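Here is the file final.cif (mmCIF, C-alpha atoms).
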```cif
data_target
#
loop_
_atom_site.label_atom_id
_atom_site.label_comp_id
_atom_site.auth_asym_id
_atom_site.auth_seq_id
_atom_site.Cartn_x
_atom_site.Cartn_y
_atom_site.Cartn_z
CA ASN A 3 -106.92 -5.13 20.51
CA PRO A 4 -106.60 -3.62 24.02
CA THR A 5 -109.32 -4.75 26.43
CA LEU A 6 -108.04 -4.13 29.99
CA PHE A 7 -107.96 -0.32 30.41
CA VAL A 8 -104.22 -0.07 29.81
CA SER A 9 -102.70 3.39 30.26
CA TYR A 10 -98.97 2.71 29.97
CA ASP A 11 -98.86 2.02 26.20
CA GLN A 12 -101.11 4.81 24.90
CA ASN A 13 -100.35 6.95 21.84
CA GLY A 14 -99.78 10.66 22.43
CA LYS A 15 -97.87 10.66 25.70
CA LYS A 16 -96.04 13.60 27.25
CA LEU A 17 -92.29 13.74 27.96
CA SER A 18 -91.96 14.88 31.61
CA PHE A 19 -88.43 16.26 31.54
CA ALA A 20 -86.40 17.28 34.58
CA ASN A 21 -86.96 21.06 34.05
CA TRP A 22 -83.25 21.73 34.72
CA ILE A 23 -79.90 21.21 32.99
CA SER A 24 -76.64 19.89 34.43
CA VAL A 25 -73.15 21.26 33.81
CA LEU A 26 -69.83 20.31 35.42
CA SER A 27 -67.45 22.79 33.74
CA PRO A 28 -64.97 23.66 36.52
CA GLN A 29 -64.03 27.33 36.78
CA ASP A 30 -62.01 27.39 40.00
CA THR A 31 -59.06 29.28 38.52
CA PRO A 32 -56.57 29.19 41.42
CA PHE A 33 -53.94 31.21 39.55
CA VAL A 34 -56.59 33.85 38.73
CA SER A 35 -58.47 33.69 42.02
CA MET A 36 -55.21 34.91 43.59
CA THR A 37 -53.75 38.44 43.32
CA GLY A 38 -55.78 40.43 40.80
CA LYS A 39 -55.12 42.55 37.74
CA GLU A 40 -53.56 45.86 36.70
CA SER A 41 -55.21 47.80 33.88
CA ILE A 42 -53.12 49.28 31.07
CA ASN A 43 -53.68 51.41 27.96
CA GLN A 44 -51.46 50.02 25.19
CA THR A 45 -50.95 46.45 23.97
CA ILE A 46 -47.27 46.30 24.98
CA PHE A 47 -45.92 46.96 28.47
CA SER A 48 -42.48 46.59 30.02
CA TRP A 49 -40.64 46.46 33.33
CA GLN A 50 -37.06 46.76 34.52
CA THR A 51 -34.91 44.22 36.36
CA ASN B 102 -54.21 50.12 28.29
CA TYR B 103 -55.62 52.24 31.13
CA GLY B 104 -55.92 55.20 28.77
CA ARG B 105 -58.22 58.19 29.23
CA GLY B 106 -60.08 58.10 25.93
CA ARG B 107 -59.35 56.14 22.74
CA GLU B 108 -62.00 56.61 20.05
CA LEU B 109 -62.27 56.96 16.29
CA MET B 110 -63.41 60.57 16.69
CA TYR B 111 -59.82 61.67 16.03
CA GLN B 112 -60.15 60.30 12.49
CA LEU B 113 -63.84 61.11 12.02
CA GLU B 114 -63.32 64.83 12.66
CA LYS B 115 -60.42 64.81 10.20
CA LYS B 116 -62.69 63.13 7.66
CA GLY B 117 -65.37 65.76 8.25
CA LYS B 118 -62.87 68.55 7.71
CA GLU B 119 -61.64 66.87 4.53
CA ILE B 120 -65.25 66.52 3.36
CA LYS B 121 -65.91 70.22 3.92
CA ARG B 122 -62.74 71.04 1.96
CA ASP B 123 -63.81 68.72 -0.86
CA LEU B 124 -67.25 70.36 -0.91
CA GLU B 125 -65.59 73.76 -1.22
CA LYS B 126 -63.31 72.62 -4.05
CA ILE B 127 -65.96 70.64 -5.94
CA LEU B 128 -68.78 73.20 -6.15
CA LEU B 129 -66.68 75.58 -8.26
CA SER B 130 -63.90 73.84 -10.15
CA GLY B 131 -65.09 71.61 -12.99
CA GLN B 132 -68.30 69.71 -12.29
CA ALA B 133 -71.04 70.90 -14.67
CA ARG B 134 -74.15 68.69 -14.54
CA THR B 135 -72.49 65.49 -15.72
CA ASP B 136 -74.34 63.92 -18.66
CA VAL B 137 -76.34 61.39 -16.66
CA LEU B 138 -79.68 62.12 -18.37
CA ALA B 139 -78.46 63.73 -21.59
CA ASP B 140 -79.87 63.14 -25.10
CA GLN B 141 -82.95 65.34 -24.67
CA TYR B 142 -82.94 65.61 -20.88
CA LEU B 143 -86.37 67.24 -21.22
CA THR B 144 -87.49 63.83 -22.56
CA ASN B 145 -87.10 62.02 -19.23
CA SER B 146 -90.43 60.33 -20.01
CA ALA B 147 -91.17 59.16 -16.46
CA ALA B 148 -87.62 58.70 -15.14
CA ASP B 149 -85.93 57.74 -18.43
CA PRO B 150 -86.91 54.03 -18.53
CA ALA B 151 -83.83 53.46 -20.72
CA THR C 303 -49.67 39.94 37.70
CA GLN C 304 -52.24 40.00 34.89
CA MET C 305 -52.20 43.09 32.66
CA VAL C 306 -55.63 43.63 31.07
CA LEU C 307 -56.37 45.97 28.17
CA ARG C 308 -60.13 45.70 27.58
CA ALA C 309 -62.47 43.74 29.83
CA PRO C 310 -64.56 40.98 28.22
CA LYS C 311 -67.62 42.56 26.57
CA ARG C 312 -70.40 41.09 24.45
CA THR C 313 -70.53 42.38 20.88
CA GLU C 314 -72.73 41.87 17.83
CA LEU C 315 -71.69 41.60 14.19
CA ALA C 316 -73.48 41.72 10.85
CA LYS C 317 -76.68 39.72 10.48
CA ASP C 318 -75.96 38.11 7.07
CA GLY C 319 -79.56 36.86 6.98
CA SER C 320 -80.96 34.47 9.62
CA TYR C 321 -77.42 33.83 10.91
CA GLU C 322 -77.44 36.07 14.02
CA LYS C 323 -73.71 35.96 14.71
CA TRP C 324 -72.25 36.83 18.11
CA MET C 325 -68.74 37.52 19.35
CA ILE C 326 -66.77 37.75 22.60
CA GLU C 327 -63.28 39.24 22.77
CA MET C 328 -60.88 39.76 25.66
CA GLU C 329 -57.40 41.31 25.74
CA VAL C 330 -55.08 40.20 28.55
CA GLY C 331 -51.38 40.22 29.32
CA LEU C 332 -49.03 38.61 31.81
CA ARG C 333 -46.31 40.21 33.91
CA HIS C 334 -43.56 39.01 36.23
CA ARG C 335 -41.40 41.07 38.57
CA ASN C 336 -38.20 39.08 37.97
CA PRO C 337 -37.55 35.93 35.90
CA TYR C 338 -35.36 34.37 38.60
CA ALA C 339 -37.89 35.05 41.38
CA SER C 340 -40.13 32.02 40.74
CA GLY C 341 -38.90 28.56 39.79
CA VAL C 342 -40.09 25.64 37.67
CA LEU C 343 -39.42 21.90 37.60
CA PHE C 344 -39.98 19.51 34.69
CA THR C 345 -40.71 15.86 35.43
CA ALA C 346 -38.53 13.13 33.93
CA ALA C 347 -37.46 9.53 34.36
CA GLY C 348 -35.42 8.31 37.31
CA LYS C 349 -31.94 6.85 37.58
#
```

Take the structure in this file and express it as structure tokens.
Amino acid sequence: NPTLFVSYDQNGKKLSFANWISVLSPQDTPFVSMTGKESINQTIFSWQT
Amino acid sequence: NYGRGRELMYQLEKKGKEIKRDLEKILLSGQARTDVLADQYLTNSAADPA
Amino acid sequence: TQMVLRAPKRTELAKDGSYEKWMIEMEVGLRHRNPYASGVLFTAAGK
């Protein structure tokens, strides 16, 4: 059927992906990027006022 | 919570002590070769295929 | 302030057979010096 040396519609082609993946999940965390943590030992803590 | 050591060893050593106590009590009290291969034990016949 | 108990650490669980389960746990806690120190405002309709 083909008679003009066509290369665009051949069977058994490759895929040629981008080699990378995109991701837009923001992780700015302003309220966490501010003043840090304080480690504890038990599950319950307390403070006075 | 900022503790200096929190491991299961506290319970594991207790379990080891209890196991030693059980070994002491069990080797002398009442266990006498429970009848697991009785009915002519000498007739195991290649691991008692029963 | 943010009170933390155990930092986030990778952990493995039973295999179960071809499942290959994985887990991530993190223990955190919040703290505030005084309730009346910081304020809050809820939106709402007008007049």

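For the pair CA of residue 304 (chain C) and CA of residue 335 (chain C), the separation is 11.5 Å.
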
Between CA of residue 26 (chain A) and CA of residue 345 (chain C), distance in Å (one decimal)
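Atom-to-atom, CA of residue 26 (chain A) to CA of residue 345 (chain C), that is 29.5 Å.
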
Can you pull out the residues contacting region 120-137 of chain B? Cut-off 12 Å, using only C-alpha atoms, and skip same-chain residues under 5 positions away; I want them as a list in words.
residues 113, 114, 115, 142, 145, 148, 149 and 151 of chain B

What are the centre and edge lengths in Å, to one decimal, of the axis-aligned box around all listed atoms of region 318-330 of chain C with 5 Å added on each side, as JSON?
```
{"center_x": -68.0, "center_y": 37.6, "center_z": 17.8, "size_x": 35.9, "size_y": 17.5, "size_z": 31.6}
```

Between CA of residue 104 (chain B) and CA of residue 324 (chain C), what is the distance, to one decimal in Å?
26.8 Å

Residues picked by the PyMOL selection byres ((chain B) within 10 of (chain A)) here, as a list in words?
residues 102, 103, 104, 105, 106 and 107 of chain B

Near chain A, meaning an atom within 9 Å, which residues of chain C appear when counting only C-alpha atoms? Write them as a ChimeraX atom specification.
/C:303-308,329-331,333-337

Can you tell me which residues surround residue 315 (chain C) at a distance of at most 9 Å, considering only C-alpha atoms, apart from same-chain residues fewer than 6 positions away, and format the answer as a list in words?
residues 322, 323, 324 and 325 of chain C
